[PDB]
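Novice: Sharing a structure below in structure tokens format, with a few things to ask.
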Amino acid sequence: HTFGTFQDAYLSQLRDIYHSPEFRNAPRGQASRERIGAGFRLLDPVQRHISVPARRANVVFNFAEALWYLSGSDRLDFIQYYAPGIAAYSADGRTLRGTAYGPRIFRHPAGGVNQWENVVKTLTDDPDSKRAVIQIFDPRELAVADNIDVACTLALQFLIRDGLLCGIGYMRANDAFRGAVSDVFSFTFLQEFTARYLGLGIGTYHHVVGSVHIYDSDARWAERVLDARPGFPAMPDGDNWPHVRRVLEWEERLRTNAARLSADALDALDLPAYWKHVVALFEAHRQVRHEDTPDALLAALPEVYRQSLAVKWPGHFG
Amino acid sequence: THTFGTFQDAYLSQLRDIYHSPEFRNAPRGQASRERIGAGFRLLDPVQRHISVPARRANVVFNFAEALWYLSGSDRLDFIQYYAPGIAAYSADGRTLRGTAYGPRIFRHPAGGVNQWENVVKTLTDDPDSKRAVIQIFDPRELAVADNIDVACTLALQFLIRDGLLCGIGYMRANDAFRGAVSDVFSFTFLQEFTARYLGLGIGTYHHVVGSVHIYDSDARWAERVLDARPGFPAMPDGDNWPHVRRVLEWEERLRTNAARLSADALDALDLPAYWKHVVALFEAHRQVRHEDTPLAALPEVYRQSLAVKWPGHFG
């Protein structure tokens, strides 16, 4: 169960569940194909994107979720802008609970703990440590009846092995067709972010899940993906927190349509090239959401991003 | 992750993997080890949870004591160190254990005081297909304790009802493939079976999933002997075993403190199912060893072998 890139693992697991499900059932009323205790190992976790056109993977959403996690926010307004359906998991219409990993990572409700800093500290004092774990799940989620937003991730673990930072995601449940695309993106994004911060190379990523499933309502789309390569760029070395802070300021201005960035204004930004392309994704997305003129911007993006935009919004960027 | 029938087959195969084909050699907290990352196995027959290789000297009395210690919800050192004196090295205050004490994590978790085992049985009663029946062990504050000598190695246990059978998954950040794996798999499949009996279900598959699976170099020679080197484990009776556990725990404490002793006849006369009388007999046999009383026929053969190999001068 070793794969070079996420895409190979993603398609192989999809084929497995679809053609040889262990179980067919309906947890919480939702008809599913299911396999129990499934995982994979990725040799190259930076290659985290799905580029199969039939899947229409949304790289803007992918970065938005990961940056939303890094922001530490539980606010619905940030993330529902990139995925409007996510408001169905908000009980109050302005925050999320188990969907919001950001608070779980940087200020966990069990103690207010910043687990990322404790992980950095643990691995600095003892590079070989087996303890560098970020707990996501909380014992009180199941204690409230009728909880509509229970975290699907149990924990993330980091290890330094031979100068490379390895990551492990443990989940109780995972949608193999939908959620897995976002989750592995964000977990290997955090893995890489942490590796640059520690001045390390990138090792393997292990994903392991209690219930992996495909909803029957997704079977047709899953089939077309099964019926149906530029590289993902490397995040720059060192501490990327200042750049994330700047990117997050632009995220909010573009999202609220308080600002627009021409192609020349994007290139003038005080940001490494990798993060300039992320802000460009948010300006492109602003054009869609606020119905501005599609833009030149496209030409300066890495090919992976251009393809994702072309396939997701073909009337805008095709 | 590969499929096995009994724990012993999985245990020996994994032991051979890490010993002969380690993925890494390193020394976390200064302890040199052989290691693989992201390793697990599935057991099709989790009740068969014991290691009977004589060179391993598996201690079935400790195995039951640990599992019952968990069911008691206790964090007390004096209970568990009586069966495993080395466990004292993980107690910072000489009275309690922290990450080693899974009992409180299951039944009164430090995040809110939550009884997660009750929440799990409620969750699976209301929705047997539930993907949410998770017992969290690990806690986010454990890494905030400066110089913590006892950080929980288990992240979570998960139970799933599939086709009338209770399946279990144990998720661990790290597991000693030679030592700890023996008692952890025993205790998790014990809890799995206990929960299945309570729910009126048969036993499904047990899945073991671990981040760092390792053999400490100080154990390498003993692991070699085990590698260079069958009676069935009995089933736990159907239904709610909590009243029987409560009565077994009363006797456990009396025998451990030498406040009582039980003859062969006194053991047969106990108001317990035979399965649990044998557990009390293991505690009485253990009392004879540790309190140096003078020294079995009613025991299942698996227990006889464990006693004969672990204390040959007494029961060999």
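So the sequences go chain by chain: A and B. Counting with the authors' numbering, you get residues 4 to 231, 239 to 305, 307 to 329 for the letters of the first sequence. Counting with the authors' numbering, you get residues 3 to 231, 239 to 304, 309 to 329 for the letters of the second sequence. By construction, the Cβ of each residue, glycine as well, lies at the ideal position given by its N, Cα and C atoms.
#1: According to DSSP, is A:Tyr-85 helix, strand or coil?
#2: Is A:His-111 close to chain B, meaning its C-beta is less than 7 Å from at least one C-beta of that chain?
#3: Take A:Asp-11 as the anchor and find which of A:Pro-304, A:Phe-26, A:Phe-43 and A:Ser-23 has the nearest alpha-carbon.
#4: Output yes if chain A places a C-beta closer than 7 Å to the C-beta of B:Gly-202; else output no.
#5: If I follow the unbroken alpha helix (DSSP H) through B:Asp-178, where does it start and stop?
#6: Please report the distance separating the alpha-carbon of A:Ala-146 from that of B:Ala-146.
#7: Consult DSSP for B:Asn-117 and reduce its assignment to one of helix, strand or coil.
#8: Could you spell out the range, first to last residue, of the beta strand (DSSP E) harbouring B:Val-211?
#9: Going by the DSSP bridge assignment, what does B:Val-298 pair with across the sheet?
#10: Spatial neighbours of B:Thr-8 within its chain, please: C-beta separation below 6 Å, excluding the five flanking residues on both sides.
#11: Using a beta-carbon distance cut-off of less than 8 Å, what residues from the segment 158-169 of chain B approach chain A?
#12: On the DSSP bridge assignment, give the partners of B:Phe-161 in chain order.
#13: Which residue from A:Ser-132, A:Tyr-13 and A:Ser-23 puts its Cα closest to that of B:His-216?
#14: So A:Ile-171 contacts chain B; which residues on that side make the cut at Cβ distance below 9 Å?
#15: Please work out which residues of its chain come closer than 7 Å, Cβ to Cβ, to B:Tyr-284, disregarding the five sequence neighbours upstream and downstream, and give them in chain order.
#16: So if DSSP puts A:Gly-42 in a beta bridge, which residue, or which two residues, is it bridged to?
#17: Determine the extent of the beta strand (DSSP E) in which B:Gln-50 is found, giving its start and end residues.
#18: Which of the residues in the segment 135-156 of chain B, read from start to end, lie with their CB under 7 Å from any CB of chain E?
#19: For the segment 19-34 of chain B, list every residue whose C-beta sits within 7 Å of some C-beta in chain A, in sequence order.
#20: Taking Cβ-Cβ distances below 7 Å as the criterion, which residues of the segment 105-131 of chain A are in contact with chain B?
#21: Strictly under 7 Å for the Cβ-Cβ distance: is B:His-210 near chain A by that measure?
#22: Measuring CA to CA, which of B:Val-63, B:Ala-57, B:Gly-32 and B:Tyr-84 is closest to B:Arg-265?
#23: Would a C-beta distance cut-off of 7 Å place A:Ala-57 and A:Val-228 closer than the cut-off?
#24: Mind checking which residues open and close the alpha helix (DSSP H) that includes B:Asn-65?
#25: I believe B:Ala-113 touches A:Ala-113 by the beta-carbon criterion, under 8 Å. Please report the beta-carbon distance rounded to the nearest angstrom.
#26: Mind listing the chain A neighbours of B:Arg-44? Cutoff is C-beta to C-beta under 8 Å, in chain order.
#27: Determine contact between the segment 179-191 of chain B and the segment 150-169 of chain A, defined as no fewer than three beta-carbon pairs at a distance below 8 Å.
#28: Using DSSP's beta-bridge definition, name the partner residues of A:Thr-156.
#29: For a cutoff of 7 Å on Cβ pairs, would you count A:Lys-286 as touching chain B?
#30: Could you compute how far the alpha carbon of B:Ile-139 sits from the alpha carbon of B:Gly-115?
#31: Is the Cβ of B:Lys-323 closer than 7 Å to any Cβ of chain A?
#32: State the Cα-Cα distance for the pair A:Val-289 and A:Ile-53, rounded to the nearest angstrom.
#33: By a C-beta neighbour count over all protein chains shown, 10 Å radius and 16 as the cutoff for buried, is A:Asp-128 buried or exposed?
#34: In the DSSP output, which residue or residues are listed as bridge partners for B:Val-136?
#35: For B:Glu-314, which residues in the same chain have their Cβ closer than 6 Å to its Cβ, ignoring the five residues on either side in sequence?
Specialist: In this structure, then:
#1: Within the first sequence, residue 85 of chain A is the residue found at index 82, counting from 1. Of the three classes helix, strand and coil, the one that applies to A:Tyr-85 here is coil, per DSSP.
#2: Here the question's residue 111 of chain A lines up with position 108 in the first sequence. So yes, A:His-111 belongs to the interface.
#3: As a working mapping, residue 11 of chain A is identified with position 8 in the first sequence. Closest by alpha carbon: A:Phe-43.
#4: Looking up residue 202 of chain B in the second sequence gives position 200. Judged by the 7 Å Cβ criterion, B:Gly-202 is not in contact with chain A.
#5: Position 176 of the second sequence, counted from the first residue, corresponds to residue 178 of chain B. Unbroken run through B:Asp-178 is the beta strand (DSSP E), 167-178; no alpha helix (DSSP H).
#6: Stepping through the first sequence from its first residue, residue 146 of chain A is reached at position 143. Stepping through the second sequence from its first residue, residue 146 of chain B is reached at position 144. Between A:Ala-146 and B:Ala-146, the C-alpha separation is close to 25 Å.
#7: Reading the second sequence from its first residue, position 115 is the one you call residue 117 of chain B. Looking at B:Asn-117 - three-state DSSP - the assignment turns out to be coil, as it is neither helix nor strand.
#8: Here residue 211 of chain B refers to the residue found at position 209 of the second sequence. Segment 204-218, the beta strand (DSSP E) holding B:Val-211.
#9: For this step, residue 298 of chain B is matched to residue 289 along the second sequence. For B:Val-298, which the question treats as bridged, DSSP gives no partner whatsoever.
#10: Reading the second sequence from its first residue, position 6 is the one you call residue 8 of chain B. These residues qualify, in order along the chain: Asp-47 and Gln-50.
#11: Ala-158, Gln-160, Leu-162, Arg-164, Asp-165 and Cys-169
#12: Start at 1 with the first residue of the second sequence, and residue 161 of chain B comes out as number 159. According to DSSP, B:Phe-161 bridges with B:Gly-170.
#13: Working through the second sequence from its first residue, we reach residue 216 of chain B at position 214. The option with the nearest alpha carbon to B:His-216 is A:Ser-132.
#14: Taking the first residue of the first sequence as 1, we reach residue 171 of chain A at position 168. Residues of chain B passing the Cβ test: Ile-39, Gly-40, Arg-175 and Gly-213.
#15: For the purposes of this step, residue 284 of chain B is identified with residue 275 of the second sequence, where counting begins at 1. For B:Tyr-284, where only same-chain residues beyond five positions count, the Cβ hits under 7 Å are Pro-243, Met-245 and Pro-246.
#16: Residue mapping note: residue 42 of chain A aligns to position 39 of the first sequence, counting from 1. In the DSSP output, where bridge partners are listed per residue, A:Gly-42 has A:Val-211.
#17: Taking the second sequence and counting its residues from 1, the one referred to as residue 50 of chain B is at position 48. Run containing B:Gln-50: none; DSSP gives neither H nor E here.
#18: No chain E is part of this structure, whose protein chains are labelled A and B.
#19: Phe-26, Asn-28, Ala-29, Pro-30 and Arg-31
#20: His-111, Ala-113, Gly-114, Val-116, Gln-118, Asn-121, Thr-125, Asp-129 and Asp-131
#21: Taking the second sequence and counting its residues from 1, one reaches residue 210 of chain B at position 208. No - not a single Cβ of chain A is within 7 Å of the one on B:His-210.
#22: Indexing the second sequence from 1 puts residue 265 of chain B at position 256. Comparing Cα positions, the closest option is B:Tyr-84.
#23: As a working note, residue 57 of chain A is residue 54 in the first sequence. As a working note, residue 228 of chain A is residue 225 in the first sequence. Cβ atoms of A:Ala-57 and A:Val-228: closer than 7 Å.
#24: Locating residue 65 of chain B in the second sequence gives position 63, counting from the first residue. Here the alpha helix (DSSP H) through B:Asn-65 covers 62-73.
#25: Position 111 of the second sequence, counted from the first residue, corresponds to residue 113 of chain B. Position 110 of the first sequence, counted from the first residue, corresponds to residue 113 of chain A. Sure, about 4 Å apart at Cβ, within 8 Å.
#26: Here the question's residue 44 of chain B lines up with position 42 in the second sequence. In chain order: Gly-40.
#27: no
#28: Translated into the one-based positions of the first sequence, residue 156 of chain A becomes position 153. Answer is A:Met-174.
#29: As a position in the first sequence, residue 286 of chain A is number 276, starting the count at 1. For A:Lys-286, the answer is no, since every Cβ of chain B falls outside 7 Å of its Cβ.
#30: In the second sequence, the residue the question calls residue 139 of chain B occupies position 137. In the second sequence, the residue the question calls residue 115 of chain B occupies position 113. Rounded to whole angstroms, B:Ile-139 to B:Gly-115 spans 12 Å at the Cα level.
#31: Taking the second sequence and counting its residues from 1, one reaches residue 323 of chain B at position 310. For B:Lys-323, the answer is no, since every Cβ of chain A falls outside 7 Å of its Cβ.
#32: Counted from its first residue, the first sequence places residue 289 of chain A at position 279. Counted from its first residue, the first sequence places residue 53 of chain A at position 50. A:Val-289 and A:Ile-53: Cα-Cα distance of roughly 20 Å.
#33: For the purposes of this step, residue 128 of chain A is identified with residue 125 of the first sequence, where counting begins at 1. So A:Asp-128 counts as exposed.
#34: Against the second sequence, residue 136 of chain B aligns to sequence position 134. B:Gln-160, per the DSSP bridge assignment.
#35: In the second sequence, residue 314 of chain B corresponds to position 301, counting from 1. Taken in chain order, the residues that qualify are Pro-240.
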